[PDB]
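Throughout, protein chains are lettered first and strands after them, A, B, ... in sequence-line order, and every chain is numbered starting at 1. Side chains are part of it too, since the values below use all heavy atoms of this structure and drop only hydrogens, waters and symmetry mates.
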Number of protein chains: 2
Amino acid sequence: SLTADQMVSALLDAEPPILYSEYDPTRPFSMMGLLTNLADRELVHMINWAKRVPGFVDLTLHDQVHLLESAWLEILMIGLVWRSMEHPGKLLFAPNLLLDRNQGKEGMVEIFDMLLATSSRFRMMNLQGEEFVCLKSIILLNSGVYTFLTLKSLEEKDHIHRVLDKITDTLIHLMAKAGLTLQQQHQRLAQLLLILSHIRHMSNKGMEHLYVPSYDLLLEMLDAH
Amino acid sequence: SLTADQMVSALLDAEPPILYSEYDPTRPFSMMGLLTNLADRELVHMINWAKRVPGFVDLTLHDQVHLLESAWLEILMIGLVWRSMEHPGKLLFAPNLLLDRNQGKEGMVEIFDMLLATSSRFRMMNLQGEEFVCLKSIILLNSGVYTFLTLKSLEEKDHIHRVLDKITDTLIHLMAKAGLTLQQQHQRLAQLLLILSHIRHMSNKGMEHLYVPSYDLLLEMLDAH
Ligand SMILES: CCCN1CC[C@@H](COc2ccc([C@@H]3c4ccc(O)cc4CC4(CC4)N3C(=O)c3ccccc3)cc2)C1
Ligand SMILES: CCCN1CC[C@@H](COc2ccc([C@@H]3c4ccc(O)cc4CC4(CC4)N3C(=O)c3ccccc3)cc2)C1
């Protein structure tokens, strides 16, 4: 029941920290080990973030876990692409781990190139931080909403779509706040949401190039006392 | 440079025919063979359709092929989900091939269930035929736009986004024509586009469950005299 500006403030405040890779800087420069360790540590902070997305903790624990299980790689990937926006040609996995295309060379450079093209698309659109946090919330709420297994589940899915509608309202409020015409507002909303299809694509490719946090582990981190 | 109503008319006129499965009806009821034969025959009509999507033939042949190669399974899948909308619990692969969940039983029922849930989502939204043809055009133009390999390619990608923006305008015109408020218009536009992320998901799962028309075959059907 919050306002658009309140939605944005809460989302901005909820942002996870930017973690560092744990490689010893004084030692020679093991890549996938570093990327898995980073992803492992970000997951914990991504659970704290998800619980702060307005409306998320109103869901059942089982539904929170399902949404996180479907979305976690997309959320890591959109965060990467956002961090990398102002580093053309490179991916800022961490402030001490900025890699270019050649450092990603089996099947890794393909996904690398996809992430770079997304970061470039974000650059050309001049994606704003307020828009980014809205998009990341949309991913959390949307990526698992069509794969649920009851009266309660109907209530849950209705709640999810009401929260999504509120983020849509917030995105349009941001573009209206900045002077875009009503035509430009619809167009940018559509351009931003179609990028989410590409992030899903890269997530599936990445899930494939990784063959992952278990349901039980997600539930254990989400089932707090 | 057409109007919204002209856009819709052209898209509706371009719709491919609904093909039949070639199984002999007088003989006992071979499933994947029937589904592959159907998909094979629909591809030819999907090329004719793509050339009628306003703006598509303005692209280079190489770019048309790339867009079709990335999108073809999503286009078959959204067509299926649209045909199946008014057959809850079943998938209308063809008018003589309406199958339920049990007939899809390795790894086939998973995708089956995903298609059914999309068809149900379309049902609940009361997706209109004018909206469907717009969405199918968006898929054609969007699914391969972030995976292109020049000054010409910059021109192509700018053209693609202008055509996408025009379909966004058309979708909003349809919802405004029907009396939705400006708030409801943005919300439904967003709901429709987020379903496209799920169609991409199912396409990747299906590409996986199929491991496909070659670049050369697509080029041969698209490179007409
Ligand atoms: C018990 C839990 C099971 N584990 C818990 C970790 C889990 C391993 O998944 C992993 C492993 C690696 C990653 C990184 C990573 C790290 C941080 C980031 O912010 C973003 C990313 C993005 C990313 C997805 C492309 N990546 C890669 O390496 C990559 C690969 C090929 C091409 C380019 C990049 C992400 C997730 C399985
Ligand atoms: C030289 C060219 C190479 N070939 C040219 C054909 C190409 C085979 O790909 C195929 C094979 C089958 C299909 C169908 C099909 C048919 C018609 C339709 O309208 C829609 C669909 C959807 C669909 C995607 C889920 N499907 C399945 O079976 C299915 C599988 C598991 C669960 C549920 C459904 C689609 C494409 C490879």
Answer yes or no: is there a side-chain heavy-atom contact under 4.5 Å between B:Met77 and B:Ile111?
yes
For the atom pair CD1 (B:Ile78) and CG (B:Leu115), what is the distance rounded to the nearest 0.5 Å?
11.0 Å
On a heavy-atom basis, which atom in B:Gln185 and which in B:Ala176 lie closest, and how many Å separate them?
NE2-CB, 3.5 Å
Could you check whether the rings of A:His62 and A:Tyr215 sit parallel, tilted or perpendicular, using 30° and 60° as the cut-offs?
tilted
I'd like to check the side chain to side chain contact (heavy atoms under 4.5 Å, CB included) partners of B:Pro88; sequence neighbours left out, ordered by chain and number.
B:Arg123
Any donor-acceptor N/O pair, B:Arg41 side chain to B:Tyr20 backbone, under 3.5 Å
yes
For residues B:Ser143 and B:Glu74, is any side-chain donor paired with an opposing acceptor at under 3.5 Å?
yes
Taking B:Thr36 for the side chain and B:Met32 for the main chain, is one N or O donor matched with an acceptor at less than 3.5 Å?
yes
Between B:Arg200 and B:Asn204, is any side-chain donor less than 3.5 angstrom from a side-chain acceptor?
no
Can you name the nearest heavy-atom pair linking A:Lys51 to A:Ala224, along with the distance?
NZ-CB, 4.1 Å
Pairs involving residues 206-222 of chain B, ordered by first then second residue, that meet salt bridge (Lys or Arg N to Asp or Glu O under 4.0 Å) (sequence neighbours left out)
B:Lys205-B:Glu208
Where do B:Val57 and B:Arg52 land on the side-chain contact (heavy atoms from CB on, under 4.5 Å) test, with the steps shown first?
CA-CA 8 Å; B:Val57 292; B:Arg52 298 193 46 171; over 6 Å; no
Tell me if a side-chain donor or acceptor on B:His159 pairs with a main-chain N or O of B:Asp58 at a distance below 3.5 Å.
no
Less than 4.5 Å apart, any side-chain heavy atom of B:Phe148 and any of B:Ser70?
no
To the nearest 0.5 Å, what is the distance between CD on B:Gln103 and CZ on B:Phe29?
5.5 Å
Has the side chain of B:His198 got a donor or acceptor atom that lies under 3.5 Å from a matching backbone atom of B:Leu194?
no
Kindly determine whether A:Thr170 and A:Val8 satisfy side-chain contact (heavy atoms from CB on, under 4.5 Å), including the steps that lead there.
CA-CA 7 Å; A:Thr170 301; A:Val8 163; 3.5 Å; yes
For A:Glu15, give me all partners under salt bridge (charged side-chain N to carboxylate O under 4.0 Å, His left out), at least two apart in sequence or on another chain.
A:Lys136
Sorted by chain and residue number, the salt bridge (charged side-chain N to carboxylate O under 4.0 Å, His left out) partners of B:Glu69 (sequence neighbours excluded) come out as none
Interatomic spacing from CD in A:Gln64 to CG in A:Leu67 - rounded to 0.5 Å:
8.0 Å
Using atom types as modelled and distance alone, determine if a side-chain donor or acceptor of B:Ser203 lies under 3.5 Å from a backbone N or O of B:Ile199.
no
Decide yes or no for B:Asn48 and B:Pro16: does some side-chain heavy atom of the first lie under 4.5 Å from some side-chain heavy atom of the second?
no
Would you say B:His209's side chain and B:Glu110's backbone share a donor-acceptor pair under 3.5 angstrom?
no
Mind checking the NE2-CE spacing from B:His201 to A:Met207? Nearest 0.5 Å is all I need.
10.0 Å
Which atoms form the tightest heavy-atom contact between A:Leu189 and B:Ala190, and what is the distance?
CD2-CB, 4.5 Å
What residues form a salt bridge (charged side-chain N to carboxylate O under 4.0 Å, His left out) with B:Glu130, not counting sequence neighbours?
none
Would the distance check show the side chain of B:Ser197 and the main-chain N or O of A:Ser197 forming a donor-acceptor pair, the cut-off being under 3.5 Å?
yes
Please work out which of the three classes, parallel, tilted or perpendicular, describes the rings of B:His186 and A:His186, given edges at 30° and 60°.
tilted
Between CG of A:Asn126 and CZ of A:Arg188, what distance do you get to the nearest 0.5 Å?
7.0 Å
When you look at A:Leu68 and A:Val65, which way does the side-chain contact (heavy atoms from CB on, under 4.5 Å) test go after all the steps?
CA-CA 5 Å; A:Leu68 268 171; A:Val65 174; 5.8 Å; no
Is a donor from one side chain sitting under 3.5 angstrom from an acceptor on the other, for A:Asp165 and B:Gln183?
no
Spacing of CD1 belonging to B:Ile160 relative to CZ belonging to B:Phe56, to within rounding of 0.5 Å
8.5 Å
Would you check if there is a donor-acceptor pair between the side chains of B:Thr26 and B:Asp24 at a distance under 3.5 Å?
yes
Using a 3.5 Å distance criterion without hydrogens, assess whether the side chain of B:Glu156 forms a donor-acceptor pair with backbone atoms of B:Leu59.
no
Run the side-chain contact (heavy atoms from CB on, under 4.5 Å) check on A:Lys157 and A:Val145 step by step: do they pass?
CA-CA 7 Å; A:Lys157 295 230 280 183; A:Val145 78; 4.0 Å; yes
May I ask you to decide if A:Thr150's main-chain N or O and A:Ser153's side chain share a donor-acceptor pair within less than 3.5 Å?
yes
Measure across B:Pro213 and B:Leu218 and return the closest heavy-atom pair with its distance rounded to 0.1 Å.
O-CD1, 4.0 Å
Excluding sequence neighbours, so at least two apart, what forms salt bridge (charged side-chain N to carboxylate O under 4.0 Å, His left out) with B:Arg101?
B:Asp113
Any donor-acceptor pair under 3.5 Å linking the side chain of B:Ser84 with the backbone of B:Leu92?
yes
